[PDB]
Amino acid sequence: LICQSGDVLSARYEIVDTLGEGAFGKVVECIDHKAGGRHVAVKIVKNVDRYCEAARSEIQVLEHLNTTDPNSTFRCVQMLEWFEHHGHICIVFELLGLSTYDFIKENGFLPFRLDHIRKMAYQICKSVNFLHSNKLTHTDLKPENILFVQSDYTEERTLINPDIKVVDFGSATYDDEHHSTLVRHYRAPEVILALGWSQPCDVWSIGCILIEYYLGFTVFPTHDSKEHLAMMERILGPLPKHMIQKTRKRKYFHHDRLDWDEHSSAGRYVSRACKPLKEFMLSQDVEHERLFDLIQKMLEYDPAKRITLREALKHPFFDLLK
Ligand SMILES: O=C(O)c1ccc2c(c1)nc(Nc1cccc(Cl)c1)c1ccncc12
């Protein structure tokens, strides 16, 4: 909320540029003048209470992981400190590279080479499973929350070092806590249908993330609940009967079916740009297919019967990493 370059925060950090913006506010690269000049990333949070207590939660999550895993072994972003600055909350992070979304974005939305996807997939899975081990759900996993450590590339840009870290913990919730409904192009189905969530909804996102690394685009491109539900079914097949029945938000559930118009102009938009999952493959080579096996397991409709990351890390697709 209106900052600028060359500025100084809390008499220590000097803004050099802006790494990105969001509804919460922004992230800037600074020079830390009281730590020898190290570049760091600083998250300045708009002074709206909604974002202010998200930030406060985030700080306690970040402090938990940071003490439990001070080595960043499990690759969750490291918080260096926080402060207040004219009513704005500021969180200081280790400085990292581009988002995976941003990197793809500036590469013509070319996808990642499968061997890079594998190492990325492994680290995300391993990192979030850590959160999962500690009674935490991220709820907000997306390609934009996964950043390369160094995002240098050769060039059709080829990424040098696919090492990543997992970042935004504003939304992360403990099991010991009340389970929200916030708002998003990667929400699990047990989330849209207001049926309760927990660790298995992180796994859903990871599936969606891995389709995107593979194709270079998303396959659930709509911030509309109905459109999404229909996309889900064209790609993954029929929604389980029981979930449709035991849903509080039983608005678009007519005669126990999805009350969507396959016949409407908007319907054709859903059909014209979505096919069954396995039709998205671009090779039928063995390792392409191990991957889609994993993705299909991750995209199981029933969170109760959905693969866990503890399992996912043992899947065939990762064998070459061993
Ligand atoms: O939320 C965090 O924990 C969080 C923590 C660290 C970074 C971050 C978000 N976002 C960066 N980039 C970014 C890119 C686009 C939009 C926005 Cl808002 C931010 C970034 C860059 C370099 N080093 C650390 C970070």
# chains A, B, ... in the order shown; residues from 1 in each chain; ligands from 1
>>> select_by_dssp(residues="stretch 147-278 of chain A", states="alpha helix (DSSP H)", output="ChimeraX atom specification")
/A:189-192,200-215,225-236,241-245,265-272
>>> closest_atom_pairs(of="stretch 155-210 of chain A", to="stretch 217-240 of chain A", cutoff="8 Å", atoms="only C-alpha atoms", output="Markdown table")
| residue | atom | partner | partner_atom | distance |
| --- | --- | --- | --- | --- |
| A:184 | CA | A:223 | CA | 7.0 |
| A:185 | CA | A:223 | CA | 6.1 |
| A:186 | CA | A:220 | CA | 7.3 |
| A:189 | CA | A:229 | CA | 7.7 |
| A:192 | CA | A:225 | CA | 6.9 |
| A:208 | CA | A:218 | CA | 7.5 |
>>> write_last_selection(atoms="N, CA and C atoms", output="PDB file, in the first residue's frame")
ATOM      1  N   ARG A 184      -7.092 -20.185  -5.614  1.00  0.00           N
ATOM      2  CA  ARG A 184      -8.527 -20.412  -5.716  1.00  0.00           C
ATOM      3  C   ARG A 184      -8.880 -21.114  -7.032  1.00  0.00           C
ATOM      4  N   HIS A 185      -7.942 -21.117  -7.978  1.00  0.00           N
ATOM      5  CA  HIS A 185      -8.129 -21.867  -9.220  1.00  0.00           C
ATOM      6  C   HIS A 185      -7.688 -23.313  -9.024  1.00  0.00           C
ATOM      7  N   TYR A 186      -7.435 -23.687  -7.770  1.00  0.00           N
ATOM      8  CA  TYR A 186      -6.910 -25.007  -7.448  1.00  0.00           C
ATOM      9  C   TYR A 186      -7.606 -25.599  -6.237  1.00  0.00           C
ATOM     10  N   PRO A 189     -12.279 -30.632  -4.554  1.00  0.00           N
ATOM     11  CA  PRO A 189     -13.736 -30.643  -4.664  1.00  0.00           C
ATOM     12  C   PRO A 189     -14.389 -30.666  -3.285  1.00  0.00           C
ATOM     13  N   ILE A 192     -15.033 -26.925  -2.563  1.00  0.00           N
ATOM     14  CA  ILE A 192     -16.139 -26.233  -3.223  1.00  0.00           C
ATOM     15  C   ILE A 192     -17.462 -26.677  -2.596  1.00  0.00           C
ATOM     16  N   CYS A 208      -2.890 -30.393  -9.636  1.00  0.00           N
ATOM     17  CA  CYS A 208      -3.122 -29.283 -10.558  1.00  0.00           C
ATOM     18  C   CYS A 208      -1.844 -28.548 -10.920  1.00  0.00           C
TER      19      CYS A 208
END
>>> atom_distance(atom1="atom CA of residue A:167", atom2="atom CA of residue A:67")
16.1 Å
>>> atom_distance(atom1="atom CA of residue A:206", atom2="atom CA of residue A:137")
12.6 Å
>>> closest_residue(among="A:133, A:308, A:99, A:66", to="residue A:207", atoms="only C-alpha atoms")
A:308
>>> decode(residues="stretch 47-65 of chain A", atoms="N, CA, C and O atoms", output="PDB file, in the first residue's frame")
ATOM      1  N   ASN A  47      -2.679  -2.265   5.320  1.00  0.00           N
ATOM      2  CA  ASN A  47      -3.216  -2.047   6.651  1.00  0.00           C
ATOM      3  C   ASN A  47      -4.730  -2.193   6.690  1.00  0.00           C
ATOM      4  O   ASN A  47      -5.453  -1.266   7.039  1.00  0.00           O
ATOM      5  N   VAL A  48      -5.195  -3.374   6.322  1.00  0.00           N
ATOM      6  CA  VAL A  48      -6.599  -3.735   6.412  1.00  0.00           C
ATOM      7  C   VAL A  48      -6.653  -4.930   7.331  1.00  0.00           C
ATOM      8  O   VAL A  48      -5.871  -5.851   7.137  1.00  0.00           O
ATOM      9  N   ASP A  49      -7.536  -4.943   8.327  1.00  0.00           N
ATOM     10  CA  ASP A  49      -7.389  -5.955   9.378  1.00  0.00           C
ATOM     11  C   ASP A  49      -7.443  -7.370   8.838  1.00  0.00           C
ATOM     12  O   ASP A  49      -6.728  -8.244   9.327  1.00  0.00           O
ATOM     13  N   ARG A  50      -8.291  -7.589   7.836  1.00  0.00           N
ATOM     14  CA  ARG A  50      -8.353  -8.877   7.150  1.00  0.00           C
ATOM     15  C   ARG A  50      -6.943  -9.346   6.854  1.00  0.00           C
ATOM     16  O   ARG A  50      -6.541 -10.429   7.269  1.00  0.00           O
ATOM     17  N   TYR A  51      -6.164  -8.514   6.178  1.00  0.00           N
ATOM     18  CA  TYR A  51      -4.811  -8.920   5.839  1.00  0.00           C
ATOM     19  C   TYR A  51      -3.893  -8.849   7.052  1.00  0.00           C
ATOM     20  O   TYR A  51      -2.923  -9.582   7.137  1.00  0.00           O
ATOM     21  N   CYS A  52      -4.227  -8.009   8.013  1.00  0.00           N
ATOM     22  CA  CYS A  52      -3.369  -7.863   9.173  1.00  0.00           C
ATOM     23  C   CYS A  52      -3.381  -9.092  10.068  1.00  0.00           C
ATOM     24  O   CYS A  52      -2.380  -9.391  10.707  1.00  0.00           O
ATOM     25  N   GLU A  53      -4.478  -9.827  10.145  1.00  0.00           N
ATOM     26  CA  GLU A  53      -4.389 -10.961  11.051  1.00  0.00           C
ATOM     27  C   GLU A  53      -3.975 -12.241  10.325  1.00  0.00           C
ATOM     28  O   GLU A  53      -3.280 -13.054  10.915  1.00  0.00           O
ATOM     29  N   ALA A  54      -4.320 -12.380   9.044  1.00  0.00           N
ATOM     30  CA  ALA A  54      -3.630 -13.333   8.167  1.00  0.00           C
ATOM     31  C   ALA A  54      -2.121 -13.283   8.388  1.00  0.00           C
ATOM     32  O   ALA A  54      -1.501 -14.306   8.688  1.00  0.00           O
ATOM     33  N   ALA A  55      -1.550 -12.082   8.257  1.00  0.00           N
ATOM     34  CA  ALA A  55      -0.122 -11.841   8.480  1.00  0.00           C
ATOM     35  C   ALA A  55       0.337 -12.307   9.853  1.00  0.00           C
ATOM     36  O   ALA A  55       1.432 -12.853   9.993  1.00  0.00           O
ATOM     37  N   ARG A  56      -0.489 -12.080  10.867  1.00  0.00           N
ATOM     38  CA  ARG A  56      -0.096 -12.411  12.232  1.00  0.00           C
ATOM     39  C   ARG A  56      -0.080 -13.913  12.439  1.00  0.00           C
ATOM     40  O   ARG A  56       0.784 -14.457  13.146  1.00  0.00           O
ATOM     41  N   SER A  57      -1.047 -14.579  11.822  1.00  0.00           N
ATOM     42  CA  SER A  57      -1.096 -16.025  11.851  1.00  0.00           C
ATOM     43  C   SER A  57       0.158 -16.556  11.162  1.00  0.00           C
ATOM     44  O   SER A  57       0.901 -17.371  11.723  1.00  0.00           O
ATOM     45  N   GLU A  58       0.385 -16.050   9.955  1.00  0.00           N
ATOM     46  CA  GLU A  58       1.530 -16.405   9.130  1.00  0.00           C
ATOM     47  C   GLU A  58       2.842 -16.317   9.912  1.00  0.00           C
ATOM     48  O   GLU A  58       3.722 -17.156   9.751  1.00  0.00           O
ATOM     49  N   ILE A  59       2.962 -15.313  10.775  1.00  0.00           N
ATOM     50  CA  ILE A  59       4.184 -15.107  11.538  1.00  0.00           C
ATOM     51  C   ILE A  59       4.376 -16.234  12.542  1.00  0.00           C
ATOM     52  O   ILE A  59       5.492 -16.712  12.731  1.00  0.00           O
ATOM     53  N   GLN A  60       3.296 -16.681  13.167  1.00  0.00           N
ATOM     54  CA  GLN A  60       3.416 -17.800  14.106  1.00  0.00           C
ATOM     55  C   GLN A  60       3.605 -19.142  13.418  1.00  0.00           C
ATOM     56  O   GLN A  60       4.336 -19.992  13.923  1.00  0.00           O
ATOM     57  N   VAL A  61       2.981 -19.329  12.261  1.00  0.00           N
ATOM     58  CA  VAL A  61       3.300 -20.507  11.469  1.00  0.00           C
ATOM     59  C   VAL A  61       4.786 -20.462  11.104  1.00  0.00           C
ATOM     60  O   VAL A  61       5.518 -21.424  11.315  1.00  0.00           O
ATOM     61  N   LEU A  62       5.236 -19.326  10.583  1.00  0.00           N
ATOM     62  CA  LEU A  62       6.603 -19.219  10.098  1.00  0.00           C
ATOM     63  C   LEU A  62       7.590 -19.439  11.215  1.00  0.00           C
ATOM     64  O   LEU A  62       8.654 -19.969  10.993  1.00  0.00           O
ATOM     65  N   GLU A  63       7.227 -19.043  12.427  1.00  0.00           N
ATOM     66  CA  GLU A  63       8.124 -19.195  13.568  1.00  0.00           C
ATOM     67  C   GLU A  63       8.199 -20.650  14.023  1.00  0.00           C
ATOM     68  O   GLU A  63       9.245 -21.143  14.447  1.00  0.00           O
ATOM     69  N   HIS A  64       7.069 -21.332  13.938  1.00  0.00           N
ATOM     70  CA  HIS A  64       7.015 -22.758  14.227  1.00  0.00           C
ATOM     71  C   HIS A  64       7.952 -23.581  13.319  1.00  0.00           C
ATOM     72  O   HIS A  64       8.853 -24.268  13.804  1.00  0.00           O
ATOM     73  N   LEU A  65       7.733 -23.506  12.007  1.00  0.00           N
ATOM     74  CA  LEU A  65       8.527 -24.284  11.056  1.00  0.00           C
ATOM     75  C   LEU A  65       9.985 -23.938  11.149  1.00  0.00           C
ATOM     76  O   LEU A  65      10.848 -24.790  10.956  1.00  0.00           O
TER      77      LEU A  65
END
